[PDB]
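Report on the structure
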Amino acid sequence: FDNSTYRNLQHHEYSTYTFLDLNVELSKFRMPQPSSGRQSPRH
Amino acid sequence: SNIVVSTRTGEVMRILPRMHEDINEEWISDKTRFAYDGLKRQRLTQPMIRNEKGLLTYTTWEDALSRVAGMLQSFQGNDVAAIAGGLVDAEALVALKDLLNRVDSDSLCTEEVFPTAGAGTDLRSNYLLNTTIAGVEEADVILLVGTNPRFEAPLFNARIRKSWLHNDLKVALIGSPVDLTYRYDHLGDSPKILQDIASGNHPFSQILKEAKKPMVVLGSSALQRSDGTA
């Protein structure tokens, strides 16, 4: 046990595309999106 | 479209919309609004006749009317003819019709062609927009053939877009893929497609078959060509 260390150093190594890379990685587990029945509100 | 002409001291100032729910609502097209200044240019103000050198020169009303009446008295029947333009009124039209009938002439024509085959002008229903401008709001499928609604009748196209937006109206077009400001189904531009729809081989035949309030609109511009009767 210890409470003298701030472990949270993952962000230091975060680059400009880290968020989007994680989004691409997470795109695999997603459930199928629903649909309104149109391609767009202008269709 | 219902309009208000605003004048001042005998001169036309501008054109404004006048609310008519059935026809143009509270809007007018840009040509209706901004072409009035053309009323101040190239205006015919005095009667004119050809002089000895073949040039148009001003004259009195009496002289011009006498020359026209002399030429009218000499000829009759098929020799005398009239063509009406786009901005003529019913009073002038009927007056000209009677004047040419008094010389046994029936060659009274317009510049815009409508097929005379079959019923022709015989039935009012044949050459009119029977559904009406107001009706577009009660339709769910419209087919447009050989016409650009947007420029030939901008307020009609505005009504179509209003129905497309508020009533989910489905629009299909047979012709060149013109931009109507709303999404439509382009079936093509070949007139033979019409026959294909009439026979029933096209999926749009099934679409029209199940529609509660189907509407088919044919523009007069399409009728101008030689195959219009067809």
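This text follows the structure it describes.
A brief report on the enclosed structure follows. (Residues numbered from 1 in each chain as written, not as in the entry; some residues may be left out. Chains lettered and ligands numbered in written order. Part of a larger assembly, values for the part shown. Heavy atoms only, no water.)

Let's talk about the overall build of chain B
Scanning chain B from terminus to terminus reveals eight helices and ten strands. Radius of gyration (C-alpha) of chain B: 23 Å, far over the 17 Å computed for a compact globule of 230 residues. Dimensions of chain B, computed from C-alpha atoms along their principal axes, come out at roughly 65 × 45 × 30 Å. By residue count, 27% of the 230 residues in chain B fall in the buried class. Counted over contacts in chain B with a minimum sequence separation of 6, partners at least 24 positions apart contribute 51%. For chain B, the exposed surface amounts to about 16100 Å²; the carbon and sulfur share of it is 54%. Between the mean site of the 25 positive side-chain charges and the mean site of the 30 negative ones, chain B shows a separation of 5 Å. (Helix = DSSP H or I, 4+ residues; strand = E, 2+ residues; numbered from the N terminus. Rg over C-alpha atoms; globule rule 2.2 N^0.38 Å. Buried < 20%, exposed > 50% of the residue type's maximum accessible area, 1.4 Å probe, protein only. Contact = heavy atoms within 4.5 Å. Areas by Shrake-Rupley, 256 points an atom, 1.4 Å probe, with all protein chains shown as cover. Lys, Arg positive; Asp, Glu negative; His and termini not counted. Charge placed at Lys NZ, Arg CZ, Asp CG, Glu CD.)

Considering the sheet that holds strand β7 (residues 141-145) of chain B
Residue and element names in this part refer to chain B. With respect to topology, four strands assemble into an open sheet ordered β9-β8-β7-β10, the strand pairing being parallel. Strand pairing shows two members of the sheet lacking a second neighbour, β9 (185-188) and β10 (214-218), which therefore form its edges. On average, each strand axis in the sheet is tilted by 20° relative to the strand beside it, whichever way the strands run. Where β7 and β10 come together, five bridges link them in parallel fashion. Across the sheet, residue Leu-143 finds its bridge partner in β10, namely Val-216. (Pairing = 2+ DSSP bridges. Axes fitted to C-alpha atoms, helices over the stretch in contact; angles between N-to-C directions.)

Observations regarding unusual backbone geometry
Positive phi outside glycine occurs at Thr-9 of chain B, with the angle close to 55°. Along the chain, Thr-9 of chain B turns up in the loop between β1 (3-7) and β2 (12-17).

Overview of the side chain of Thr-59 of chain B
Residue and element names in this part refer to chain B. Topologically, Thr-59 is positioned in the loop between β4 (56-58) and α2 (61-74). A residue is classified by how much of its surface remains accessible, and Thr-59, at 17% relative accessible area, is buried. In this structure the side chain of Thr-59 is engaged in a polar contact, spanning 3.0 Å, whose partner is the side chain of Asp-63. If we skip the residues at most four places from it in the chain, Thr-59 touches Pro-47, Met-48, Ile-49 and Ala-64. (Polar contact = N/O pair within 3.5 Å; in protein donor to acceptor, adjacent residues only side chain to side chain.)

A look at the packing of aromatic side chains
Each aromatic ring pair is specified by the distance between its two centres and by the angle formed by the two planes. Residues and elements named next belong to chain B. A full pass over the atoms with the stated rule returns two aromatic pairs over all chains. Between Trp-164 and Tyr-182 the ring centres are 6.3 Å apart and the planes differ by 35°, which places this aromatic pair in the tilted class. One end of the pair, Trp-164, is in helix α5 (residues 154-166); the other, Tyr-182, is in the loop between β8 (170-174) and β9, with 18 residues separating them in the sequence. Here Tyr-182 falls in the buried class, since its relative accessible area comes to 4%. (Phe/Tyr/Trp six-rings, centres within 6.5 Å; stacked < 30°, edge-to-face > 60°.)

Some remarks on the nonpolar core
All names here are of chain B. In terms of nonpolar packing, the biggest core is built from 15 residues, with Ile-142, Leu-144, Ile-160 and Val-171 touching the most fellow members. Taken together, the elements giving at least two residues each to this core come down to β7, α5, β8 and β10. Aside from chain neighbours lying at most four places away, what touches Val-171 is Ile-142, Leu-144, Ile-160, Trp-164, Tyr-182, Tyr-184 and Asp-185. Judged by nonpolar contacts, the second largest core, of eleven residues, contains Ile-193, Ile-197, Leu-208 and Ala-211. (Core = buried A, V, L, I, M, F, W, Y, C linked by side-chain atoms within 4.5 Å.)

Some remarks on a nonpolar patch on the surface
Residue and element names in this part refer to chain B. Side chains of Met-48, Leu-56 and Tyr-58 sit close together on the surface and give an oily, nonpolar patch of about 310 Å² of accessible area. Mapped onto the elements, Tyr-58 comes out in strand β4. When its relative accessible area of 52% is taken as the criterion, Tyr-58 is described as exposed. (Patch = residues over 30% accessible without salt bridge, like charges linked within 9 Å, V, L, I, M, F, W, Y side chains within 5 Å. Salt bridge = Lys/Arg side-chain N within 4 Å of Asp/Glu carboxyl O.)

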